[PDB]
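Worksheet: the structure to be examined is printed underneath.
By convention in this document, chain letters (A, B, ...) are assigned in the order of the sequence lines, proteins followed by strands, and residues within each chain are numbered from 1. First listed ligand is number 1; within each ligand, the first listed atom is number 1.
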Amino acid sequence: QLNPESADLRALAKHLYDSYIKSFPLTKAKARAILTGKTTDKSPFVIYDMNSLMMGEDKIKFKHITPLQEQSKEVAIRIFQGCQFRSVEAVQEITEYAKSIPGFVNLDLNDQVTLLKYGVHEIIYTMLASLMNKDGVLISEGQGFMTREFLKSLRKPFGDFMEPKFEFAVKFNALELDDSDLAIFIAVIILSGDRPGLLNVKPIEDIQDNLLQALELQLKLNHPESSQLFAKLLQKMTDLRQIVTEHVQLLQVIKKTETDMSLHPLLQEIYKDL
Amino acid sequence: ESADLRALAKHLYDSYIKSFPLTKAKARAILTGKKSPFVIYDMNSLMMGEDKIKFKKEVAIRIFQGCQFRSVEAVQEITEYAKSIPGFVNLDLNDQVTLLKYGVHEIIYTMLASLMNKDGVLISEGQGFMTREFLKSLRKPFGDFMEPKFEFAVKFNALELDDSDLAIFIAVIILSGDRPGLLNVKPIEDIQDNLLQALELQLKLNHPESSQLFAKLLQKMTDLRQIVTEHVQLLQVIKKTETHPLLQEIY
Ligand SMILES: COc1ccc2c(c1)c(CC(=O)O)c(C)n2C(=O)c1ccc(Cl)cc1
Ligand SMILES: COc1ccc2c(c1)c(CC(=O)O)c(C)n2C(=O)c1ccc(Cl)cc1
Ligand SMILES: */C(=C(\CCC)[N+](=O)[O-])c1ccc(-c2cccc(C(=O)O)c2)o1
């Protein structure tokens, strides 16, 4: 028996899911379909070693997930550049989703920037989980699949970047959330009134309160038998924070060890004084 | 069902009152001024407060030290409270130890907030009040080993939780199924699930006004863990300070 209040919350949930589908080309629904089973070109090419990687570049439409060179001795840096490029693209998608969140574009512009600066990576890790399973991660719009073991065997620094994400993913995936759930959750993440440097926290907390309300209802309707999923999901927010912290440290190592590499401008600004 | 929830809530509250001498209610009365505590706002006041209060060279160090003594006491109070939580004592013994080992820091800061305001913190059963600025004026990195707690506290206290709310929240923190090294995660999550349901009802019945307070409180978990990790890093760096054997053992 939908009430007048719960009615508006359902409308918000629908709106967000709609914008999510429109803003993110590769949904968890598609990722799962690729990862589990089918025959259509949905089957990804699997990269689990140097030779398969070499053939991957030939098979997979890596149209652009590689800078201007390839014979860069180590594949470690080629993967680095590719992952970097995808993140920038993800920031772009998340930024577009954000503008669809009711009230977000009406907030002070400096705060819009602050909210995006701190929320984008937490969102990136949340959604990256949709593309992972305990054995690897979908890449190049789902065309390829790079194994966890392969990524772990990379040169000293690089071989330590992905594991923490996989550990978070296997755990987060156990909540069995679908795209309709995630659309609201990522909205909640963005409208965080506790981000450093925010000018007007009040209007932001008001928007988040309504999102939380929407998320609460969504999880109870969509996952009836999942006791306290709402609270379990909210607690996952601490895991995302840690991933970021740790990630930043690994980045500082790369910056010093690899003088010939550099973070993309967008990413640099995001991490500056974080 | 909702019957067991309020019963659980009452039980936890009663137990919390028995285990924790200085309650938030108590502390607030003393803080807002409603037998004024001795105030330590500088060196001489501290030195005076010592021969007056009798708490139980290098001030910055003696202070940080005092923090430790109280922390150790707090762990015992927390441990006793833990045993009153339904299901806790029935858990694998090693798991009980793991949950306490990783949960006392989070609980310590959570309760520390009850005794703080943006200007200072109550010490020794509330007999004293040490200034935020005095603490913030200590040499070395000591002049900021408490500041992060004050910052958390100011933010945490905005939620206006009371002892009955905190009792259930603390129990939730203790029953965290994600602590490393746990042997049987299931019972732990099942108890926490129960505690979470009790905390939600408690917040809905105790604060009809505050929308999504449950969600907001759970979100503060992020701030506690971040403050704890940061507290650990500070403790290490401190080592670079070269200024008992049984003492070190106790702490
Ligand atoms: C979304 O999760 C990740 C994981 C790793 C990342 C990034 C993002 C970004 C982009 C960003 O952080 O904005 C960079 C630059 N990463 C690397 O350093 C890296 C190094 C070696 C390998 Cl094999 C793979 C990736
Ligand atoms: C929850 O576990 C703790 C840990 C540390 C604590 C307190 C409580 C309290 C609250 C209380 O003791 O009632 C205070 C004031 N703490 C201090 O930081 C401190 C610092 C220097 C000295 Cl000399 C004495 C105490
Ligand atoms: C890093 C993340 C980025 C998520 C937005 N990810 O798991 O996709 C990452 C790991 C692996 C790659 C990657 C993508 C595309 C191509 C390659 C390659 O080595 O050719 C690697 O990005």
Side-chain angles (χ1 to χ4, degrees), chain A residues 47 53 56-57 60 62 64-66 70 74-91 93 120-121 123-125 127-129 131-132 136-141 143-144 146 150-155 157-166 169 243-244 247-248 250-251 253-255 258 261-264 266-268 270-271, chain B residues 20-22 26-27 40 46 49-50 53 55-56 59 62-75 77-78 104-105 107-116 120-130 135 145-146 149:
Chain A
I47 300 171
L53 180 286
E57 300 200 61
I60 306 175
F62 281 173
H64 203 319
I65 318 177
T66 47
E70 58 174 57
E74 52 191 0
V75 301
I77 289 188
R78 224 148 61 232
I79 299 174
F80 177 84
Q81 302 291 176
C83 194
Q84 198 170 70
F85 159 80
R86 174 47 190 151
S87 296
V88 174
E89 182 176 62
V91 165
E93 283 152 25
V120 75
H121 281 90
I123 290 173
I124 284 175
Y125 296 134
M127 300 184 81
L128 178 58
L131 309 188
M132 308 176 132
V137 66
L138 286 178
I139 63 174
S140 178
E141 314 176 299
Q143 290 176 286
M146 196 165 278
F150 181 53
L151 287 163
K152 211 299 176 184
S153 65
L154 297 183
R155 180 154 73 65
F158 310 81
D160 299 348
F161 273 78
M162 296 310 287
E163 265 307 293
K165 285 68 175 182
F166 279 113
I243 304 298
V244 176
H247 189 75
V248 172
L250 297 173
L251 243 34
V253 178
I254 291 301
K255 180 178 183 175
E258 315 305 314
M261 282 203 291
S262 190
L263 244 304
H264 175 297
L266 213 193
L267 271 32
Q268 248 175 52
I270 289 167
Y271 286 115
Chain B
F20 302 109
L22 182 52
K26 246 69 157 57
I40 297 176
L46 169 58
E50 280 181 349
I53 295 179
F55 289 9
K56 214 65 172 301
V59 177
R62 291 195 294 151
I63 292 184
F64 158 50
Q65 252 62 159
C67 170
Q68 291 304 292
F69 177 102
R70 176 50 185 141
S71 286
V72 159
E73 275 192 303
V75 172
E77 291 164 36
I78 295 170
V104 291
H105 279 74
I107 295 164
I108 283 177
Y109 294 136
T110 296
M111 301 188 80
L112 185 63
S114 302
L115 282 54
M116 295 175 138
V121 60
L122 292 173
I123 70 177
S124 53
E125 276 282 311
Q127 274 183 288
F129 183 77
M130 195 175 285
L135 286 164
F145 88 80
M146 285 297 285
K149 288 59 175 300

Heavy-atom distances under 4.0 Å are what count here, so tell me which part of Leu122(B) touches ligand 2: side chain, backbone, both or neither. backbone
Give the residue, atom name and distance (to 0.1 Å) of the protein heavy atom nearest [atom].
| atom | answer |
| --- | --- |
| atom 5 (C) of ligand 3 | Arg86(A) CG, 3.5 Å |
| atom 16 (C) of ligand 3 | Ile65(A) CG2, 3.6 Å |
| atom 15 (C) of ligand 1 | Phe80(A) CE1, 3.5 Å |
| atom 21 (C) of ligand 3 | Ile79(A) CG2, 3.7 Å |
| atom 1 (C) of ligand 3 | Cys83(A) SG, 1.8 Å |
| atom 20 (O) of ligand 3 | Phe62(A) CE1, 3.1 Å |
| atom 8 (O) of ligand 3 | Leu128(A) CD1, 4.1 Å |
| atom 16 (N) of ligand 2 | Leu112(B) CD1, 3.9 Å |
| atom 2 (O) of ligand 2 | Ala74(B) CB, 3.2 Å |
| atom 13 (O) of ligand 1 | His121(A) NE2, 2.9 Å |
| atom 21 (C) of ligand 2 | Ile63(B) O, 3.4 Å |
| atom 10 (C) of ligand 1 | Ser87(A) OG, 3.0 Å |

Which bit of [X] gets closer than 4.0 Å to ligand 1, counting heavy atoms only: side chain, backbone, both or neither?
| X | result |
| --- | --- |
| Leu250(A) | neither |
| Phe161(A) | side chain |
| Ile270(A) | neither |
| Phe85(A) | neither |

Against heavy atoms of [X], which atoms of ligand 1 measure under 4.0 Å?
| X | result |
| --- | --- |
| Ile124(A) | 1 (C) |
| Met162(A) | 4 (C), 5 (C) |
| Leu151(A) | 23 (Cl) |
| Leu154(A) | 23 (Cl) |
| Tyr271(A) | 11 (C), 12 (O), 13 (O) |

Whether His64(A) and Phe85(A) hold their rings parallel, tilted or perpendicular, with breakpoints at 30° and 60°: parallel
Do the rings of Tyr125(A) and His121(A) sit parallel, tilted or perpendicular, given the 30° and 60° boundaries? tilted
So is [X] close enough to ligand 1, meaning a heavy atom under 4.0 angstrom away?
| X | answer |
| --- | --- |
| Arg86(A) | no |
| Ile254(A) | no |
| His247(A) | yes |

For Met111(B), state whether at least one heavy atom is located under 4.0 Å from any atom of ligand 2. no
Other residues, nucleotides and ligands only: do more than 12 of their heavy atoms fall within 6.0 Å of CD on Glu141(A)? no
Quick one: which ligand 3 atoms are inside 4.0 Å of a heavy atom on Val137(A)? 7 (O)
Considering the heavy atoms of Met146(A), write down every atom of ligand 3 situated less than 4.0 Å from one of them. 18 (C), 19 (O)
Taking all atoms of both residues into account, what is the closest heavy-atom pair of [X] and [Y], and its distance?
| X | Y | value |
| --- | --- | --- |
| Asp160(A) | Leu250(A) | O-CD1, 3.8 Å |
| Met132(A) | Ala169(A) | SD-CB, 3.4 Å |
| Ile108(B) | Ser71(B) | CD1-O, 4.2 Å |
| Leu22(B) | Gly126(B) | CD2-N, 3.9 Å |
| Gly144(A) | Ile60(A) | CA-CD1, 3.5 Å |
| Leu154(A) | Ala76(A) | CD1-CA, 4.4 Å |

Contacting atoms of ligand 2, where contact means under 4.0 angstrom from a heavy atom of [X]:
| X | result |
| --- | --- |
| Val121(B) | 15 (C) |
| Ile123(B) | 15 (C) |
| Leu115(B) | 10 (C), 11 (C), 13 (O) |

State whether the shortest distance between N or O atoms of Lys165(A) and N or O atoms of ligand 1 falls below 3.5 angstrom. no
N/O separation below 3.5 Å, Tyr125(A) to ligand 1: no
Should the proximity of [X] to ligand 3, defined as any heavy atom under 4.0 Å, be assigned to the side chain, the backbone, both, or neither?
| X | value |
| --- | --- |
| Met162(A) | side chain |
| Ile139(A) | side chain |
| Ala90(A) | neither |

Among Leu151(A), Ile254(A), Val253(A), which residue satisfies the side-chain contact (heavy atoms from CB on, under 4.5 Å) criterion with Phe161(A)? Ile254(A)
Rounded distance (nearest 0.5 Å) linking atom [atom1] of [X] with atom [atom2] of [Y]:
| X | Y | atom1 | atom2 | result |
| --- | --- | --- | --- | --- |
| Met146(B) | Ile63(B) | CE | CD1 | 10.0 Å |
| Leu128(A) | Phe166(A) | CG | CZ | 7.5 Å |
| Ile47(A) | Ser140(A) | CD1 | OG | 8.5 Å |
| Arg70(B) | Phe55(B) | CZ | CZ | 13.5 Å |
| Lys149(B) | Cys67(B) | NZ | SG | 6.0 Å |

Evaluate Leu251(A) against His247(A) for side-chain contact (heavy atoms from CB on, under 4.5 Å), listing each step before the verdict. CA-CA 6 Å; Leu251(A) 243 34; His247(A) 189 75; 3.8 Å; yes
Main-chain N/O of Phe20(B) paired with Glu77(B) side-chain donor or acceptor, under 3.5 Å: no
Is any side-chain heavy atom of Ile65(A) less than 4.5 Å from a side-chain heavy atom of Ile139(A)? no
Within a strict 4.5 Å, meaning less than it, do heavy atoms of the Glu57(A) and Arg78(A) side chains meet? yes
Any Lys/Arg nitrogen of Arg155(A) or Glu258(A) sitting under 4.0 Å from an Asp/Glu carboxylate oxygen of the other? yes
For atom 8 (C) of ligand 1, which of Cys83(A), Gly82(A), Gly159(A), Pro164(A) has the closest heavy atom? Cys83(A)
